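Colleague: my_file.cif is reproduced in full below (mmCIF, C-alpha atoms).
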data_model
loop_
_atom_site.label_atom_id
_atom_site.label_comp_id
_atom_site.auth_asym_id
_atom_site.auth_seq_id
_atom_site.Cartn_x
_atom_site.Cartn_y
_atom_site.Cartn_z
CA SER M 338 10.14 45.50 13.38
CA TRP M 339 13.73 46.24 12.73
CA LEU M 340 14.51 42.99 14.65
CA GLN M 341 12.46 40.90 12.29
CA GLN M 342 13.82 43.21 9.67
CA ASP M 343 17.10 41.42 10.07
CA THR M 344 16.06 38.02 11.59
CA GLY M 345 12.61 37.72 10.09
CA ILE M 346 11.04 35.90 13.01
CA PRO M 347 8.29 38.64 13.39
CA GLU M 348 6.79 40.13 16.64
CA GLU M 349 4.34 37.27 17.22
CA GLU M 350 7.20 34.88 18.07
CA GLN M 351 9.46 37.43 19.69
CA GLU M 352 10.65 36.98 23.22
CA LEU M 353 12.42 40.11 24.33
CA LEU M 354 13.78 39.58 27.82
CA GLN M 355 15.59 42.54 29.38
CA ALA M 356 18.11 41.05 31.82
CA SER M 357 16.87 37.76 33.16
CA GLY M 358 14.55 39.80 35.36
CA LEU M 359 11.37 40.39 33.35
CA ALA M 360 10.11 40.57 29.87
CA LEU M 361 10.21 43.80 27.87
CA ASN M 362 8.09 46.53 29.40
CA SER M 363 7.39 48.37 26.11
CA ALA M 364 6.25 51.18 28.39
CA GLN M 365 9.45 53.26 28.49
CA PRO M 366 11.33 54.45 25.37
CA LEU M 367 14.46 52.42 24.39
CA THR M 368 16.87 54.67 26.26
CA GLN M 369 15.95 53.30 29.66
CA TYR M 370 17.29 50.00 28.39
CA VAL M 371 20.61 51.52 27.20
CA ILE M 372 23.40 51.62 29.89
CA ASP M 373 27.01 51.54 28.54
CA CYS M 374 30.61 52.36 29.33
CA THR M 375 31.09 52.93 33.05
CA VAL M 376 30.98 51.16 36.53
CA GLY M 384 22.87 43.11 31.58
CA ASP M 385 21.38 42.83 28.06
CA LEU M 386 18.18 41.96 26.12
CA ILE M 387 18.54 38.35 25.06
CA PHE M 388 15.74 37.28 22.70
CA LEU M 389 13.94 34.09 21.51
CA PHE M 390 11.91 32.49 18.73
CA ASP M 391 8.73 30.57 19.91
CA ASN M 392 9.62 27.02 18.62
CA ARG M 393 11.28 23.63 19.05
CA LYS M 394 15.06 24.23 19.74
CA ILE M 401 19.80 23.63 16.97
CA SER M 402 23.08 25.14 18.23
CA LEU M 403 25.58 26.71 15.77
CA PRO M 404 29.28 27.76 16.13
CA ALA M 405 29.63 31.02 14.09
CA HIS M 406 33.23 32.35 14.28
CA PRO M 407 35.33 35.58 13.97
CA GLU M 408 39.02 35.36 12.59
CA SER M 409 42.08 37.72 12.04
CA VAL M 410 44.51 36.93 9.22
CA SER M 411 47.84 36.37 10.98
CA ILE M 412 46.19 33.85 13.27
CA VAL M 413 44.51 31.86 10.49
CA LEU M 414 47.96 31.26 8.96
CA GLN M 415 49.73 30.36 12.16
CA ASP M 416 47.82 27.16 12.59
CA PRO M 417 48.02 25.86 9.10
CA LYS M 418 51.79 26.47 9.82
CA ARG M 419 54.62 26.86 12.34
CA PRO M 420 57.87 27.99 10.56
CA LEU M 421 59.06 31.62 10.47
CA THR M 422 58.64 33.10 13.88
CA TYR M 423 60.30 36.44 14.07
CA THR M 424 60.87 38.44 17.24
CA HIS M 425 57.24 39.30 17.37
CA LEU M 426 54.86 36.83 18.49
CA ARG M 427 54.13 39.68 20.85
CA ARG M 428 51.31 40.45 18.43
CA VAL M 429 50.40 37.08 17.20
CA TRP M 430 50.65 35.41 20.59
CA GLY M 431 48.80 38.22 22.41
CA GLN M 432 46.22 37.83 19.62
CA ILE M 433 45.70 34.12 20.06
CA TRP M 434 44.67 34.29 23.70
CA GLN M 435 42.59 37.35 23.03
CA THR M 436 40.50 35.12 20.74
CA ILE M 437 40.62 32.33 23.22
CA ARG M 438 39.33 35.03 25.67
CA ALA M 439 36.88 36.22 23.06
CA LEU M 440 35.34 32.77 23.29
CA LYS M 441 34.81 32.56 27.02
CA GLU M 442 33.26 36.05 26.55
CA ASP M 443 31.06 34.42 23.94
CA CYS M 444 30.15 30.91 25.30
CA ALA M 445 29.19 32.42 28.63
CA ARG M 446 26.68 34.99 26.81
CA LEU M 447 24.77 32.04 25.38
CA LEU M 448 24.87 30.49 28.80
CA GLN M 449 23.14 33.73 29.56
CA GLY M 450 20.21 33.15 27.20
CA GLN M 451 19.47 29.73 28.69
CA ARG M 452 19.78 30.53 32.32
CA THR M 453 17.28 33.32 31.91
CA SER M 454 14.73 31.29 29.82
CA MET M 455 14.77 28.49 32.36
CA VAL M 456 14.57 30.90 35.25
CA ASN M 457 11.30 31.79 33.71
CA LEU M 458 10.29 28.09 33.55
CA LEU M 459 11.51 27.38 37.10
CA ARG M 460 9.19 30.23 38.00
CA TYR M 461 5.93 29.37 36.29
CA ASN M 462 6.55 25.77 37.01
CA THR M 463 6.73 26.05 40.81
CA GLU M 464 4.46 29.07 41.14
CA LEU M 465 1.50 27.74 39.19
CA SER M 466 2.11 23.99 39.41
CA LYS M 467 2.17 23.81 43.18
CA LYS M 468 -1.09 25.60 43.77
CA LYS M 469 -2.62 23.17 41.30
CA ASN M 470 -1.31 20.48 43.63
CA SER M 471 -3.88 21.63 46.15
CA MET M 472 -6.62 21.31 43.54
CA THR M 473 -5.56 17.69 43.69
CA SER M 474 -5.56 17.32 47.44
CA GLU M 475 -9.18 18.29 46.97
CA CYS M 476 -9.34 14.82 45.13
CA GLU M 477 -8.01 12.60 47.87
CA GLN M 478 -10.59 13.91 50.31
CA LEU M 479 -13.50 13.47 47.93
CA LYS M 480 -12.22 9.93 47.46
CA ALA M 481 -11.92 8.62 51.00
CA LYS M 482 -15.09 10.74 51.65
CA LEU M 483 -16.88 9.02 48.77
CA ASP M 484 -16.16 5.97 50.98
CA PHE M 485 -18.26 6.50 54.11
CA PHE M 486 -20.69 6.17 51.24
CA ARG M 487 -19.55 2.73 50.34
CA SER M 488 -20.60 1.82 53.84
CA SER M 489 -23.79 4.01 54.13
CA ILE M 490 -25.34 2.49 50.98
CA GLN M 491 -24.06 -1.00 51.52
CA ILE M 492 -24.82 -1.33 55.32
CA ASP M 493 -28.32 -0.19 54.43
CA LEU M 494 -28.64 -2.54 51.48
CA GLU M 495 -27.38 -5.20 53.90
CA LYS M 496 -30.21 -4.80 56.37
CA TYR M 497 -33.03 -4.39 53.82
CA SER M 498 -32.38 -8.07 53.46
CA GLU M 499 -33.27 -8.21 57.16
CA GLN M 500 -36.74 -7.67 55.69
CA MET M 501 -39.09 -10.58 55.24
CA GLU M 502 -41.09 -9.55 58.33
CA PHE M 503 -42.57 -6.47 56.54
CA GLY M 504 -41.68 -2.97 55.29
CA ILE M 505 -40.21 -4.94 52.39
CA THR M 506 -42.60 -4.31 49.41
CA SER M 507 -41.58 -1.82 46.59
CA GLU M 508 -38.37 -3.72 45.54
CA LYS M 509 -37.93 -0.67 43.29
CA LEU M 510 -36.27 0.91 46.36
CA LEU M 511 -33.94 -2.08 46.47
CA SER M 512 -33.40 -2.29 42.75
CA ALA M 513 -32.89 1.51 42.60
CA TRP M 514 -30.36 1.02 45.35
CA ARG M 515 -28.82 -1.84 43.35
CA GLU M 516 -28.44 0.42 40.33
CA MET M 517 -26.96 3.21 42.43
CA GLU M 518 -25.09 0.82 44.64
CA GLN M 519 -22.84 0.63 41.58
CA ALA M 520 -23.64 3.78 39.66
CA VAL M 521 -21.57 5.56 42.33
CA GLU M 522 -19.42 2.50 43.29
CA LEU M 523 -17.10 3.57 40.49
CA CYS M 524 -17.71 7.34 40.19
CA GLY M 525 -14.70 8.87 41.84
CA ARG M 526 -12.44 9.97 39.00
CA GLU M 527 -9.22 9.81 40.98
CA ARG M 528 -6.81 7.86 38.83
CA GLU M 529 -5.70 11.29 37.60
CA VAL M 530 -3.44 10.83 40.64
CA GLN M 531 -0.65 9.85 38.19
CA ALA M 532 -1.12 12.40 35.32
CA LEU M 533 -1.22 14.63 38.39
CA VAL M 534 1.96 13.32 40.14
CA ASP M 535 3.76 11.73 37.17
CA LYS M 536 3.67 14.78 34.88
CA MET M 537 4.21 16.97 37.95
CA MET M 538 7.46 15.27 38.88
CA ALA M 539 8.47 15.61 35.23
CA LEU M 540 9.17 19.31 35.78
CA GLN M 541 10.19 19.60 39.45
CA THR M 542 13.05 17.27 38.57
CA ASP M 543 13.75 18.45 35.03
CA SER M 544 13.76 22.13 35.97
CA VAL M 545 16.21 21.08 38.70
CA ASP M 546 18.73 19.58 36.26
CA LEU M 547 19.09 22.85 34.50
CA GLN M 548 18.87 25.18 37.51
CA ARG M 549 22.16 23.45 38.46
CA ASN M 550 24.57 23.52 35.47
CA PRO M 551 28.11 23.32 34.13
CA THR M 559 38.23 23.64 30.84
CA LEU M 560 37.56 26.40 28.41
CA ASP M 561 38.25 28.71 31.33
CA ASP M 562 41.21 26.62 32.42
CA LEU M 563 42.65 26.75 28.87
CA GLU M 564 42.54 30.52 28.74
CA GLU M 565 44.28 30.69 32.09
CA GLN M 566 46.94 28.50 30.44
CA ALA M 567 47.06 30.58 27.32
CA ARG M 568 47.31 33.35 29.92
CA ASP M 569 50.82 32.45 30.92
CA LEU M 570 52.18 31.27 27.63
CA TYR M 571 51.23 34.65 26.11
CA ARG M 572 52.67 36.21 29.28
CA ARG M 573 55.80 34.09 29.84
CA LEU M 574 56.83 35.11 26.31
CA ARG M 575 56.77 38.78 27.26
CA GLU M 576 58.35 37.79 30.55
CA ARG M 577 61.17 35.94 28.65
CA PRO M 578 63.81 38.37 29.92
CA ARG M 579 65.87 40.29 27.38
CA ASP M 580 67.88 38.31 24.78
CA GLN M 581 66.31 35.09 23.50
CA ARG M 582 63.65 36.44 21.24
CA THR M 583 64.10 35.03 17.67
CA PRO M 584 63.93 31.21 18.05
CA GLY M 585 60.74 31.11 15.98
CA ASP M 586 58.05 28.68 17.08
CA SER M 587 54.45 29.33 15.97
CA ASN M 588 53.75 26.27 17.92
CA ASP M 589 51.69 25.02 20.84
CA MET M 590 50.20 28.44 20.81
CA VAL M 591 48.16 26.81 18.22
CA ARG M 592 47.63 23.79 20.48
CA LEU M 593 45.99 26.06 23.08
CA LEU M 594 43.82 27.45 20.32
CA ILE M 595 42.73 24.22 18.64
CA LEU M 596 41.54 22.97 22.03
CA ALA M 597 39.93 26.31 22.90
CA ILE M 598 37.78 25.78 19.82
CA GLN M 599 36.50 22.29 20.69
CA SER M 600 35.86 23.10 24.30
CA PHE M 601 34.07 26.25 23.05
CA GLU M 602 32.29 24.46 20.22
CA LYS M 603 31.16 21.72 22.64
CA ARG M 604 30.13 24.12 25.37
CA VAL M 605 27.79 25.48 22.72
CA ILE M 606 26.04 22.26 21.86
CA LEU M 607 25.58 21.51 25.51
CA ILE M 608 24.19 24.98 25.93
CA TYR M 609 21.86 24.75 22.95
CA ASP M 610 20.77 21.19 23.78
CA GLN M 611 20.01 22.51 27.06
CA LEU M 612 18.14 25.63 25.92
CA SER M 613 15.89 23.33 23.93
CA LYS M 614 15.29 21.24 26.99
CA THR M 615 13.91 24.31 28.78
CA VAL M 616 11.32 24.96 26.10
CA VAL M 617 10.40 21.21 26.15
CA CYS M 618 9.29 21.94 29.68
CA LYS M 619 7.61 25.28 29.04
CA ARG M 620 5.15 23.57 26.65
CA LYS M 621 4.47 20.56 28.84
CA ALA M 622 3.89 22.95 31.77
CA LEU M 623 1.28 24.76 29.68
CA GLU M 624 -0.60 21.58 28.72
CA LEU M 625 -0.24 19.67 31.94
CA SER M 626 -1.82 22.68 33.56
CA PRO M 627 -5.33 23.27 32.24
CA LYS M 628 -5.99 19.49 32.27
CA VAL M 629 -5.26 19.12 35.94
CA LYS M 630 -7.03 22.44 36.52
CA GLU M 631 -10.30 22.16 34.60
CA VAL M 632 -10.49 18.34 34.51
CA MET M 633 -10.38 18.64 38.34
CA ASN M 634 -13.11 21.18 38.35
CA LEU M 635 -15.26 18.34 36.99
CA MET M 636 -13.78 15.88 39.44
CA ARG M 637 -15.14 18.04 42.27
CA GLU M 638 -18.76 18.69 41.50
CA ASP M 639 -19.29 15.48 39.51
CA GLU M 640 -18.34 13.64 42.54
CA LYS M 641 -19.82 16.19 44.94
CA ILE M 642 -23.32 16.24 43.40
CA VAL M 643 -22.86 12.51 42.95
CA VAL M 644 -22.79 12.50 46.79
CA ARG M 645 -25.59 15.00 47.28
CA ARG M 646 -27.97 12.33 46.07
CA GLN M 647 -27.17 10.06 49.05
CA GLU M 648 -28.92 12.25 51.48
CA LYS M 649 -31.95 11.74 49.29
CA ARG M 650 -31.35 7.97 49.27
CA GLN M 651 -31.71 7.73 52.99
CA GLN M 652 -34.46 10.23 52.33
CA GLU M 653 -36.33 7.33 50.99
CA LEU M 654 -35.39 4.67 53.58
CA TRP M 655 -36.43 7.32 56.03
CA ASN M 656 -39.61 7.83 53.93
CA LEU M 657 -40.06 4.03 53.67
CA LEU M 658 -40.53 4.29 57.50
CA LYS M 659 -43.42 6.74 57.21
CA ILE M 660 -45.20 4.11 55.05
CA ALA M 661 -45.00 0.88 57.09
CA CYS M 662 -46.18 3.35 59.81
CA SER M 663 -49.04 5.35 58.33
CA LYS M 664 -50.36 1.88 57.42
CA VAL M 665 -50.96 0.83 61.05
CA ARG M 666 -52.38 4.02 62.47
CA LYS X 628 3.79 17.01 67.49
CA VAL X 629 2.77 16.54 63.89
CA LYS X 630 3.36 12.77 64.37
CA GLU X 631 1.57 11.90 67.60
CA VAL X 632 -0.89 14.85 67.62
CA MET X 633 -1.96 13.45 64.22
CA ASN X 634 -2.34 10.00 65.61
CA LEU X 635 -5.13 11.54 67.73
CA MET X 636 -6.46 13.48 64.75
CA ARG X 637 -7.09 10.18 62.96
CA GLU X 638 -8.76 8.29 65.47
CA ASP X 639 -10.68 11.03 67.28
CA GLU X 640 -12.25 11.85 64.08
CA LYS X 641 -12.23 8.27 62.77
CA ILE X 642 -14.02 6.71 65.77
CA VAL X 643 -16.13 9.88 65.77
CA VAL X 644 -17.29 8.55 62.37
CA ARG X 645 -17.57 4.91 63.37
CA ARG X 646 -20.58 5.86 65.41
CA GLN X 647 -22.53 6.93 62.29
CA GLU X 648 -22.94 3.44 61.08
CA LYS X 649 -24.61 2.79 64.42
CA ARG X 650 -26.80 5.93 63.98
CA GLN X 651 -28.44 4.59 60.91
CA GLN X 652 -28.31 1.16 62.46
CA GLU X 653 -30.96 2.48 64.73
CA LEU X 654 -33.08 4.46 62.23
CA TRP X 655 -32.92 1.28 60.22
CA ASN X 656 -33.87 -0.64 63.43
CA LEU X 657 -36.59 1.96 64.19
CA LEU X 658 -38.14 0.64 60.93
CA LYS X 659 -38.28 -2.93 62.20
CA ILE X 660 -40.38 -1.59 65.13
CA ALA X 661 -43.13 0.45 63.50
CA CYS X 662 -43.30 -2.72 61.33
CA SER X 663 -43.30 -5.68 63.71
CA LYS X 664 -46.12 -3.72 65.41
CA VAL X 665 -48.55 -4.13 62.49
CA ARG X 666 -47.89 -7.71 61.52
CA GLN P 435 52.87 28.80 52.86
CA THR P 436 51.01 30.15 55.92
CA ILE P 437 48.59 32.04 53.67
CA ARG P 438 48.14 28.53 52.05
CA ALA P 439 47.98 26.93 55.49
CA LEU P 440 44.89 29.07 56.04
CA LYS P 441 42.92 28.11 52.93
CA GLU P 442 43.84 24.53 54.02
CA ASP P 443 42.31 25.48 57.38
CA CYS P 444 39.23 27.63 56.63
CA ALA P 445 38.03 25.16 54.02
CA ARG P 446 38.15 22.80 56.97
CA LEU P 447 35.67 24.59 59.23
CA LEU P 448 33.50 25.13 56.20
CA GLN P 449 33.80 21.41 56.16
CA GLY P 450 32.30 20.86 59.63
CA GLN P 451 29.21 22.93 58.81
CA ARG P 452 28.44 21.66 55.38
CA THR P 453 28.41 18.12 56.74
CA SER P 454 26.26 18.90 59.86
CA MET P 455 23.67 20.68 57.73
CA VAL P 456 23.75 17.95 55.11
CA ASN P 457 22.52 15.83 57.93
CA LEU P 458 19.78 18.37 58.71
CA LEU P 459 18.81 18.80 55.03
CA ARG P 460 18.41 15.05 55.14
CA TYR P 461 16.26 14.42 58.20
CA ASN P 462 14.38 17.53 57.44
CA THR P 463 13.14 16.57 53.96
CA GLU P 464 13.11 12.80 54.55
CA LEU P 465 10.98 12.76 57.69
CA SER P 466 9.19 16.13 57.40
CA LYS P 467 7.63 15.48 54.04
CA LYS P 468 6.08 12.16 54.90
CA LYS P 469 4.57 13.89 57.91
CA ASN P 470 3.07 16.26 55.38
CA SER P 471 0.87 13.41 54.24
CA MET P 472 -0.24 12.80 57.82
CA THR P 473 -1.60 16.29 57.39
CA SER P 474 -3.31 15.75 54.07
CA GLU P 475 -5.17 13.12 56.06
CA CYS P 476 -6.36 15.70 58.47
CA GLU P 477 -8.00 17.46 55.59
CA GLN P 478 -9.70 14.28 54.42
CA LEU P 479 -10.99 13.36 57.85
CA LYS P 480 -12.34 16.90 57.98
CA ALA P 481 -14.31 17.19 54.78
CA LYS P 482 -15.20 13.50 55.41
#
Using the file provided, produce a representation of the structure as structure tokens.
Modeller:
Amino acid sequence: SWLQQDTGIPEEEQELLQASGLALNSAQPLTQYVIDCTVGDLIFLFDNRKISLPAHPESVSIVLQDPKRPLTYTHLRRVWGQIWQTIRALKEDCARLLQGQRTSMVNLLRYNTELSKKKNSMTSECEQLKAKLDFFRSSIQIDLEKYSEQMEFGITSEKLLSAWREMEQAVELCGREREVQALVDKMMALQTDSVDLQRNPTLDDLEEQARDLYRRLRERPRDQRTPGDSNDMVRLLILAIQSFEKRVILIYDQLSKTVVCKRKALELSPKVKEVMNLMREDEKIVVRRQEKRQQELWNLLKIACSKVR
Amino acid sequence: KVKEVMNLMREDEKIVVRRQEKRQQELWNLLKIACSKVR
Amino acid sequence: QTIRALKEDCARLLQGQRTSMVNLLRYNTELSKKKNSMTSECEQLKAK
């Protein structure tokens, strides 16, 4: 409630994910989920399609420094210190949104593999019923090939040669297999796309470089202070915006991508689950009627035989 | 193992389903007996 | 320099390995997946 209270995306679109391990076990009260202070955190999503967004803190002194560079008294010891801290406040930040993603696509990478491998047994069940449907391209052709060895009797009926003709080719094209692509194709969609993101990528280099500048200034031994340059301590900030800013599209682009896959792996499941229920029996019954189609060659014998005795 | 041992698998199931064509051959030939012996 | 001569060194024996098991990881996957079709066949020739 009080989460929608502020965001407004209400419970039925609310993904509360304690750590990356789990979803929110609303069992316990909220104080099992606390932990603070002394030697982890409920990220939270929206149920939709993706759009990034750089939202930024400030601090006055800083925000003047950069539209400037002139006066530079003794004490950059604040301002300088400050500037990396905000550079460091960005690495702190960018890599918490890298958190979000690489929990929400280590829920995909789960219920991709875990479900959509077992359903790639339900479609080994297809390539048996296919090649097996084939003994039955012989069975009911080889037969229909020697009932033309009949002009020297047994041959009447013709209904049990026309009824073969009609079921020659009723079944000749019965095996619904060609799912073999919407099986494999849209299977390899997600065991290659959930492998691009399970991998993953100079912000961190820049703050190691704003490390020294905002250190070498305090290391600048005794008398030099004054010489007042706001300076390239704005360079190392300007950059440490872009390389933050840009590591937050890439992140968001790539959170989106791992809901793209979530959906597809919830559609490309019950198709190649249920549609391959049908595959089975409505090939399997449509090869239970072949026993009863020799039944009647085998019954055709006990005709041209009771009519001699 | 699971190369050669599955060479054998194929054939010593596959020949052991090449003899089924010749097991109807001779039900289907059993017809052209109890039929030439009436004409 | 000798501390640095060791990182130079260690990340040389870590070399050895992670070339000799990126020859395994090859001719594991590459051969022993195709031979896991030769044993989808078994389960066709069975039900068949």
Colleague: Could you list the residues chosen by the PyMOL selection byres ((chain P) within 10 of (chain X)) in this structure as a VMD selection string?
Modeller: chain P and resid 466 468 to 470 472 to 473 475 to 476 478 to 480 482
Colleague: At a cut-off of 8 Å, list the chain M residues touching chain X, using all atoms listed in the file, as a list in words.
Modeller: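 Every residue meeting the condition is included here: residues 488, 489, 492, 493, 496, 502, 503, 504, 654, 655, 658, 661, 662 and 665 of chain M.
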Colleague: When distances are computed from all atoms listed in the file, which of M:479, M:433, M:386, M:642 shows the smallest separation from chain P?
Modeller: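 Result for the nearest residue to chain P: M:479.
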Colleague: Would you kindly return, as an MDAnalysis selection string, each protein, DNA or RNA residue with an atom no farther than 9 Å from any atom of stretch 529-536 of chain M, considering only C-alpha atoms and excluding same-chain residues fewer than 6 positions away?
Modeller: chainID M and resid 470 473 476:477 621:622 625 629 633
Colleague: Could you save those same residues with C-alpha atoms as a tab-separated table (two decimals), in the coordinates of the input?
Modeller:
chain	number	residue	atom	x	y	z
M	470	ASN	CA	-1.31	20.48	43.63
M	473	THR	CA	-5.56	17.69	43.69
M	476	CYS	CA	-9.34	14.82	45.13
M	477	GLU	CA	-8.01	12.60	47.87
M	621	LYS	CA	4.47	20.56	28.84
M	622	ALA	CA	3.89	22.95	31.77
M	625	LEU	CA	-0.24	19.67	31.94
M	629	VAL	CA	-5.26	19.12	35.94
M	633	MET	CA	-10.38	18.64	38.34
Colleague: Kindly provide, as a list in words, the residues of chain M having any atom no farther than 7 Å from an atom of chain P, counting all atoms listed in the file.
Modeller: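 For chain M, the answer reads residues 477, 478, 481 and 482 of chain M.
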Colleague: Using all atoms listed in the file, find the one residue out of M:406, M:649, M:614, M:577 that sits nearest to residue M:547.
Modeller: M:614
